[PDB]
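# Structural overview for review
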Amino acid sequence: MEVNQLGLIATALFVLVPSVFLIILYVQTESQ
Amino acid sequence: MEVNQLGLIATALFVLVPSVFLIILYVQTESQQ
Amino acid sequence: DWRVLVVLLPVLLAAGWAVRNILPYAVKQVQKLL
Amino acid sequence: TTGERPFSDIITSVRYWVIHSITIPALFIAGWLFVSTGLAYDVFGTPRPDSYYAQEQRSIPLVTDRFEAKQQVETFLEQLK
Amino acid sequence: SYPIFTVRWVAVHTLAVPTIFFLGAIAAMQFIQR
Amino acid sequence: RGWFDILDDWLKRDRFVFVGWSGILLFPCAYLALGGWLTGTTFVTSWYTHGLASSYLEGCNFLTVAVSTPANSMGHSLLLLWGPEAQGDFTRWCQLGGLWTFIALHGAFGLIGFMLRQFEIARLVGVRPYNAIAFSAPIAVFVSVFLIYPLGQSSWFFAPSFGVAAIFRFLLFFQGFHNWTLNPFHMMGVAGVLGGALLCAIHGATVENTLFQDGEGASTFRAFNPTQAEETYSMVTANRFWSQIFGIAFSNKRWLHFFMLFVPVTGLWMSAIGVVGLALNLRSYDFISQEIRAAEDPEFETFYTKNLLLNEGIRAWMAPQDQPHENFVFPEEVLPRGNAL
Amino acid sequence: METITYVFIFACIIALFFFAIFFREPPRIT
Amino acid sequence: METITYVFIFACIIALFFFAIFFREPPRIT
Amino acid sequence: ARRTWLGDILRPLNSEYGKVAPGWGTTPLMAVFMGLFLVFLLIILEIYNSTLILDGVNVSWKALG
Amino acid sequence: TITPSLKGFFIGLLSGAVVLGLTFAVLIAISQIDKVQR
Amino acid sequence: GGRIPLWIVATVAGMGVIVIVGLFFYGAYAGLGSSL
Amino acid sequence: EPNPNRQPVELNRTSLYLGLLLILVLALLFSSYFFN
Amino acid sequence: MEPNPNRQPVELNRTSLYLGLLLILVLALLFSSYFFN
Amino acid sequence: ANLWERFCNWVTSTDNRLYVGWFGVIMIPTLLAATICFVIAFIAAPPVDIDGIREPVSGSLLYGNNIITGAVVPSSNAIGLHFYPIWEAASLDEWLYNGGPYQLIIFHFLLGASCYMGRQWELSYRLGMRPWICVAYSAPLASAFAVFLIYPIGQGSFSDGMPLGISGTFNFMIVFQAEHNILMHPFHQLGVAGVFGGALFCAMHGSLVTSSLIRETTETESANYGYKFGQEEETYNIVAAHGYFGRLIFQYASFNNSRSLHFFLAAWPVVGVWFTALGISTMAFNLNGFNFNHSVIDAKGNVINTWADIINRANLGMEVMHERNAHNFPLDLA
Amino acid sequence: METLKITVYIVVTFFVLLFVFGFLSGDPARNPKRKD
Ligand code: CLA
Ligand code: CLA
Ligand code: CLA
Ligand SMILES: C=Cc1c(C)c2cc3nc(c4c5[nH]c(cc6nc(cc1[nH]2)C(C)=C6CC)c(C)c5C(=O)[C@@H]4C(=O)OC)[C@@H](CCC(=O)OC/C=C(\C)CCC[C@H](C)CCC[C@H](C)CCCC(C)C)[C@@H]3C
Ligand SMILES: CC(C)=CCC/C(C)=C/CC/C(C)=C/CC/C(C)=C/CC/C(C)=C/CC/C(C)=C/CC/C(C)=C/CC/C(C)=C/CC/C(C)=C/CC1=CC(=O)C(C)=C(C)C1=O
Ligand SMILES: CCCCCCCCCCCCCCCC(=O)OC[C@H](COP(=O)(O)OC[C@@H](O)CO)OC(=O)CCCCCCCCCCCCCCC
Ligand SMILES: CCCCCCCCCCCCCCCC(=O)OC[C@H](COP(=O)(O)OC[C@@H](O)CO)OC(=O)CCCCCCCCCCCCCCC
Ligand SMILES: CC1=C(/C=C/C(C)=C/C=C/C(C)=C/C=C/C=C(C)/C=C/C=C(C)/C=C/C2=C(C)CCCC2(C)C)C(C)(C)CCC1
Ligand code: OEY
Ligand SMILES: [Cl-]
Ligand SMILES: [Cl-]
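This deposited entry lists X-ray crystallography as its structure determination method and 2.0400 Å as its resolution.

The title given to this PDB entry is "RT XFEL structure of the three-flash state of Photosystem II (3F, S0-rich) at 2.04 Angstrom resolution". For chain O, the Subcellular location comment in UniProt is given as "Cellular thylakoid membrane". Reading the Sequence similarities entry of the UniProt record for chain O gives the comment "Belongs to the PsbI family."

The name given to chain N in the PDB entry is Photosystem II protein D1 1, and the organism recorded there is Thermosynechococcus elongatus. Of chain N, the UniProt comment under Catalytic activity reads exactly: "2 a plastoquinone + 4 hnu + 2 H2O = 2 a plastoquinol + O2". Recorded in UniProt for chain N, the comment headed Subcellular location runs: "Cellular thylakoid membrane".

### Regarding the overall build of chain N
Each helix and strand in chain N was counted, giving ten helices and two strands. Listed by position from the N terminus, the elements making up chain N come as α-α-β-α-α-α-β-α-α-α-α-α. Expected size for 334 residues packed as a compact globule is a radius of gyration near 20 Å; at 25 Å, chain N overshoots this value by more than 25%. Overall, the C-alpha framework of chain N stretches about 80 × 70 × 40 Å when taken along its three principal axes. For chain N, the proportion of its 334 residues judged to be buried stands at 57%. Of the contacts formed within chain N by residues at least 6 apart in sequence, a portion of 64% connects residues at least 24 apart. Roughly 13500 Å² of accessible area belongs to chain N as shown, and the carbon and sulfur atoms make up 66% of that amount. Within chain N, one finds 13 positive and 22 negative side-chain charges whose respective centroids are separated by 10 Å.

### Comments concerning the coordination of the magnesium atom of ligand 3
Six octahedral donors at a metal ideally form angles of 90 or 180 degrees, and four tetrahedral donors ideally form angles of 109.5 degrees. The sole protein-derived ligand of the magnesium atom of ligand 3 is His188(N) (NE2), positioned 2.3 Å away. Inspection of the secondary structure assignment puts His188(N) in helix α7 (residues 186-211).

### Some details on the site of ligand 7
Taken together, 18 residues lie around ligand 7, and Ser251(F), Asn252(F), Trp255(F), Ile21(G) and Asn13(M) are the ones closest in. Residues lining ligand 7 come from chains F, G and M. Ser251(F) places a polar side-chain atom, nitrogen or oxygen, 2.7 Å from an oxygen atom of ligand 7. For ligand 7, an oxygen atom lies 2.8 Å from a polar atom in the side chain of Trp255(F).

### Some thoughts on the arrangement of the chains
Across the 33 pairs of chains in contact, the largest number of contacts is found between chains F and N. One finds no contact linking chain B with chain I; the least C-alpha distance across the pair is 32 Å. Structurally, chain J and chain L remain out of contact, their C-alpha atoms never closer than 66 Å.

### Describing the site of ligand 5
By nearness alone, 28 residues border ligand 5, and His203(F), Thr206(F), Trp242(F), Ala249(F) and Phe250(F) come closest of all. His203(F) is positioned with one of its side-chain polar atoms (N or O) 3.0 Å from an oxygen atom of ligand 5. The backbone of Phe250(F) places a nitrogen or oxygen atom 3.0 Å from an oxygen atom of ligand 5. In the complex, 81% of the free accessible area of ligand 5, which totals 1300 Å², lies under the protein chains. Secondary-structure elements contributing two or more residues to the shell around ligand 5 are α8 (184-208), α9 (235-246) and α10 (253-279) of chain F, α1 (14-36) of chain M together with α2 (21-44) of chain N. Residue classes in the shell around ligand 5 are distributed as 24 nonpolar, four polar and no charged.

### Focus on the interface of chain F and chain E
In this complex, chain F contributes twelve residues to the contact, which on the side of chain E involves ten residues. Each partner contributes to the roughly 870 Å² buried at the junction of chain F and chain E, and carbon and sulfur atoms together form 86% of this total. There are zero salt bridges connecting chain F and chain E. At the junction of chain F and chain E, the tally comes to one residue pair in polar contact. If one sorts the elements of the side of chain F that touches chain E by residue count, helix α2 (residues 22-43) of chain F sits on top with five residues. Class assignment for the residues of the side of chain F that touches chain E results in nine nonpolar, two polar and one charged.

### Observations concerning the UniProt feature "transmembrane region" in chain N
Taken from the UniProt record, the annotation "transmembrane region" applies to residues 22-43, 101-122, 133-153, 182-207 and 263-285 of chain N. Secondary structure content for residues 182-207 of chain N is 85% helix and 0% strand, while the C-alpha to C-alpha distance between its ends is 33 Å.

### Description of the interface of chain F and chain N
Taken residue by residue, the interface counts 116 residues in chain F and 122 residues in chain N. Overall, the association of chain F and chain N removes approximately 10500 Å² of surface from exposure, summing both partners, and the carbon and sulfur fraction of that is 67%. A per-residue breakdown of the area chain F buries against chain N is headed by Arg254(F), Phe303(F) and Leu341(F), which together make up 9% of the total. Run the count over chain F and chain N and you get five salt bridges. A salt bridge links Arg259(N) to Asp214(F); the nearest nitrogen and oxygen atoms lie 3.4 Å apart.

What counts, and at which threshold
Residues numbered from 1 in each chain as written, not as in the entry; some residues may be left out. Chains lettered and ligands numbered in written order. Part of a larger assembly, values for the part shown. Heavy atoms only, no water. Residues with missing side-chain atoms left out of burial classes, pairs and counts. UniProt positions renumbered as here; feature names shortened; annotations may be inferred. Helix = DSSP H or I, 4+ residues; strand = E, 2+ residues; numbered from the N terminus. Rg over C-alpha atoms; globule rule 2.2 N^0.38 Å. Buried < 20%, exposed > 50% of the residue type's maximum accessible area, 1.4 Å probe, protein only. Contact = heavy atoms within 4.5 Å. Areas by Shrake-Rupley, 256 points an atom, 1.4 Å probe, with all protein chains shown as cover. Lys, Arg positive; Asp, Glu negative; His and termini not counted. Charge placed at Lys NZ, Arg CZ, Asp CG, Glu CD. Donors = N, O, S within 2.8 Å, 3.2 Å for Na, K, Ca; no water. Near = heavy atom within 4 Å. Polar contact = N/O pair within 3.5 Å; in protein donor to acceptor, adjacent residues only side chain to side chain. Nonpolar A, V, L, I, M, F, W, Y, C, P; charged D, E, K, R; others polar. Buried area = accessible area lost by both parts, 1.4 Å probe. Salt bridge = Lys/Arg side-chain N within 4 Å of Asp/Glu carboxyl O.

Next up, the structure:
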């Protein structure tokens, strides 16, 4: 299927970036 | 240039994944002292 | 062949010469080994 | 400090130089002869200045077989004889 | 009272004996002519 | 109080050269690799394996002498003296390259022995075994270059030959055939060797110029005592200096000296990996995008295309004499050449 | 896109320099 | 690539479910 | 620590931690198997390398038929 | 059956054996004459 | 025991090397390996 | 001279679970449109 | 059943963060040309 | 309290996060000019006619280069050693085509890096240090002078200066080997010994100190926390280091004096690298590597090749292909 | 271009004279121990 191959990177970053934000904040919460 | 299209995602992830890991361990180190 | 004696002869004389100058002291060391 | 005789004290000793003023030139002469007699060429199979090519040859006598290689260089050496 | 023949003695002569012999062979070689 | 223990006692005596259990592997193999190299470089030719002279006897000098690899027709034969090739004949064994495998294999077991020595002495003295660990880098390089590389190739012939100019030729082969300078594992190795030399120099210089005045004399060497507890130079002044000159400095002596182990060991380890790739002709030879553009666009030129022309000259000009078993006959008209030269 | 990527990484390194120098953990005596 | 991506995200959510049920903050009665 | 039915069954298999045979025990015999295995690996290597050549052992693809 | 290279093998095996045992015959002897006291 | 003074050992040993090495450089110009 | 308005920040586990579900499901929804 | 006594805190100080990020960015800068090829 | 005297005190202040100093007064502008021009040219310079034959080589990223292939390209061979500032060009377009940026960058860098070395002297004086760290850095600095300045002077062209690029560097070392046989040159051989040796002794010393760290920590924490910045006692056992190393080799090949050990650490790579910089600087005047091409012949006069001859066949392949369009006459005399 | 050339001449001369006069201003005396 002739899909947009920037869609992979946009989907990837759409997930990675905000999730990493969330994780960083949770882990530093647990260690204090 | 006719460059490998996956190069981008490979480079991005190669940077992001190991960096995010180090940041996670630094910030939680600091929340201790 | 014969060149092997030419070659080896000096080293035997060297070993001979050194054998004779050191023998008396070499036997004192072996005595000390019980 | 380990109980061997110090090197400094050995190579100034009269006894030492009495032996090694013989043993050192005998070995130097020994090795000289190994070459001057031609024995080193025959032991090691090294070509002499005159035995690299046969007279009108400009072919390297290159080994080209694994288990027949011994026989090859033997043939190349008779191609000089 | 020092030993004469040691492990040290042996390591020394292991190297030094053929050095001199090799130096003498390499000396003869400077006179080889084609 | 059995014999095994008695031998342990004797192997581990404090003497001018410590022996150890590891001495049993190390000393014979080191002496034989070394003697093989001095025997071959003094007396043994490469005429029948390479078409080359390679000893003092033959008229070579220290730079051009070598113990050359076996003929390509030997494959990866162990070339044992008693094996089917030499058939026990010392002379033929010499003429077929037997000393190459002798040196390389005895060298390998010597290296093992030397690392076992570092382990053995470190245990007896009571120190951590980081000098042995460090020595894994030399080992990795040696095996990768002298054993794995040619085992991936057609024969031992294409390993490095044990000599000065022969190694120089090995460098240039790798440029022309593998484009090894383009390889990121070689690059990481370069950064580790040069980074290490930098560290070595910058650390030695820093200590020598942050010294405390512990004596009255102008030779500052006299004023150290190996059992003194006090540091002999100021980490504090050193740190402020480099912080102000460079922006960052070391503050932890332990990390500093670990880094000094880490940098050159890793660089060597990276380059080993890349030579393992080259055992298989698995090269970073090209950048595909550049070639597609340059094939289509004859005005497009980079230093990358310039250097491949050089590799191409190298291959065609050195191959016939460097690979005599291939009987390459390149007539004049097929040789690549620029204008006039 | 490859040009953007190369420059981006270089730019990150340069910013990292900035923090390593001016926002270092400050060395403290004894 | 697009199928792998849709399947991967779906599979992450199922794994979220498991942790959110079995590894929840236990509710306790302060 | 938690006891389980399977734990009680396996119990004696993890019960002799630290028990040793005295002195050298079977070490001499181990050394024999070690030395035999070395020679055997030698042979296997030298067969593959073609410096051990044996009748009816054709180290080649042409030994599939 | 028993080819040249197998004879060569056995030749190598016995030479290695000679060498290692002679080496250990010497090492075992010296270690007995020159013992540490305690 | 210490009869030969060490400085004398060093000088004679020193000149012995210079002699042999000098021979090797002489031989770079004469005979085999000389280009002639 | 340390700043008195610094505050610590928190994200409990439940908030992480909720936040991750949001992101993951937003991704599953928009990704079809990103690939188009 | 007790809480597991083997658990341990993990640390990465600020300098190790800088060193590690440099490593990763320089690695990325080196390999990206080969990834794009 | 006077204006000049307060300026002087700020320039030489040991309280600035980064020391400025009088050497800094020249370093900062010149390194900034060289850095800024370098960064912009690497990304966006148009192609440059390095060899003066109207055959521009593309060196920047936007013109189809990657990090590995990109460079700031040396100025035109038509310029040779003439000075080519911006204001000598009819326009920036001309200056770009002929390789002007290279000259701007290298001159500012060499100047700024020279002042870097002086700055190292200066702060050491302001801090009451011994003064010779700058002598250590003269070895790298000399190396940079050799490939960016000395080698062009002797060859008559910054076109043969080393390119500011990764693959440009490789193009330079390949052509150098074919025109000078640098591998057979003893000063290059001393560089390799200085660099191999330097990495060896780095590893040795780091492994030897690390092996003899005094136990100050538990297995759950970095050993590095056993040292506290500024502590007065030493943090390893040097006698234990000496006792391991002396036995690994023999006693007297090991250092028991840390001052001699650290000065050896400094001098070995510094001196090797001086020589290899000298090597480039003297091959700039075409005093080249040893030449043993056809030095072994047989009784008839056949040539008996050595490894030197094989090297020569590689050099020849480099020679005939480099700058394939630039030579009209049969000898490449510069 | 000439505007540029004049400007660079000015900027360079300015920095070079800061350097010359800065070191002429009792530089040996700016050290931590002994001042002349
Ligand atoms: C002790 C250290 C040591 C080690 C590790 C090696 C290792 C090696 N040597 Mg070197 N060698 C050594 C010392 C050593 N050598 C010494 C001291 C000498 C001087 C004599 C030599 C001279 C030498 C030569 C001349 C050659 C080698 C070669 C080799 C290689 C093959 C050896 C082989 O096939 O073994 C085979 C044998 C064994 C592994 C022995 C195993 C012993 C078993 C366990 C016991 C068997 C007992 C016996 C069968 C029972 C009695 C029989 C009955 C009649 C009563 C190998 C790399 C060869 C080489 O490098 O090829 C290029 C080669 O040509 N070595
Ligand atoms: C800036 C220049 C530069 C630098 C710094 C390096 C650095 C390196 N190169 Mg690269 N190289 C370069 C340019 C450079 N290269 C160029 C332009 C080319 C052309 C393509 C090459 C081609 C090249 C090749 C072909 C190879 C390298 C290799 C290496 C590595 C060698 C590591 C080493 O110590 O091996 C030294 C060897 C050892 C450490 C092995 C063990 C040594 C034991 C301990 C010896 C003991 C000696 C014993 C005591 C006897 C002493 C006495 C005797 C001398 C008489 C290192 C990372 C090698 C590599 O990557 O290896 C993985 C390799 O094979 N280089
Ligand atoms: C194993 C193989 C091997 C090895 C180990 C070496 C080793 C070496 N070679 Mg040889 N070389 C080889 C193979 C090898 N080469 C081959 C095969 C060839 C032929 C193709 C050559 C051709 C060759 C040439 C042509 C040259 C070398 C040079 C060198 C030296 C390079 C290191 C140096 O110059 O440091 C010195 C340090 C520097 C050059 C750097 C100075 C850094 C400045 C002062 C500061 C830079 C600041 C920076 C821009 C910013 C950093 C700050 C940060 C915030 C970004 C070194 C001795 C070079 C040499 O001798 O140059 C003097 C040289 O020109 N080699
Ligand atoms: C060409 C470069 C090079 C050489 C020559 C070299 C040499 C050595 N390194 C040693 C050590 C080390 N090297 C180390 C790190 C490094 N070493 C490096 C590079 C080298 N290291 C680099 C770059 C590093 C940085 C990681 C460490 C950490 C150590 C040590 O601890 C050790 C030491 O004590 O240093 C002071 C010594 C081990 C002695 C030994 O094994 O004796 C036994 C000799 C044996 C086993 C024989 C091996 C024979 C070889 C492998 C084949 C035959 C070689 C021929 C005879 C000579 C051929 C020469 C021609 C090719 C020109 C030895 C002096
Ligand atoms: C505009 C554009 C985009 C620009 C493009 C420009 C350009 C071309 C960029 C190219 C960049 C490129 C890709 C580079 C590649 C580099 C590459 C090969 C990376 C190596 C990768 C890698 C992991 C290699 C493995 C080997 C490795 C670990 C090497 C590490 C080398 C290294 C960091 C060594 C240290 C060097 C260094 C300068 C340290 C200084 C130390 C220092 C502060 C000491 C001072 C000091 C000394 C003392 O003694 C004491 C006591 C104190 C207190 C003290 O302080
Ligand atoms: C380059 C590194 C060393 C720099 C030099 C300074 C280091 C200082 C040494 C320690 C403190 C000072 C000692 C002062 C004295 C000094 O520094 O050294 C001089 C020393 C002389 O020792 P003697 O026992 O003769 O005399 C004691 C002296 O200390 C008197 O000053 O030289 C020797 O060891 C000669 C032996 C070398 C010949 C051995 C060859 C056989 C070796 C074969 C084994 C191979 C190696 C092992 C294989 C793995
Ligand atoms: C006036 C101009 C001065 C020049 C300005 C230059 C600024 C750049 C300097 C380095 C900043 C980054 C270092 C971060 C990392 C950092 O902050 O390290 C800080 C670290 C501090 O070490 P300490 O000993 O304090 O810490 C050890 C323990 O305390 C923690 O475990 O320093 C080192 O480890 C020294 C060795 C690092 C040496 C790495 C330097 C390599 C830099 C060059 C890489 C460039 C490639 C670029 C290609 C594009
Ligand atoms: C192989 C073999 C073997 C063995 C062998 C051997 C072990 C030998 C040895 C050998 C040796 C052991 C030799 C030696 C040699 C030496 C040499 C030849 C030296 C030289 C040197 C020189 C020349 C030096 C000089 C100098 C210079 C040049 C500069 C600086 C200074 C000096 C003085 C150092 C056997 C029998 C088992 C059998 C099989 C085979
Ligand atoms: O080596 Mn060959 O020589 Ca010095 O010039 Mn003549 O050719 Mn051209 O310009 Mn660059 O390069
Ligand atoms: Cl070119
Ligand atoms: Cl011309």
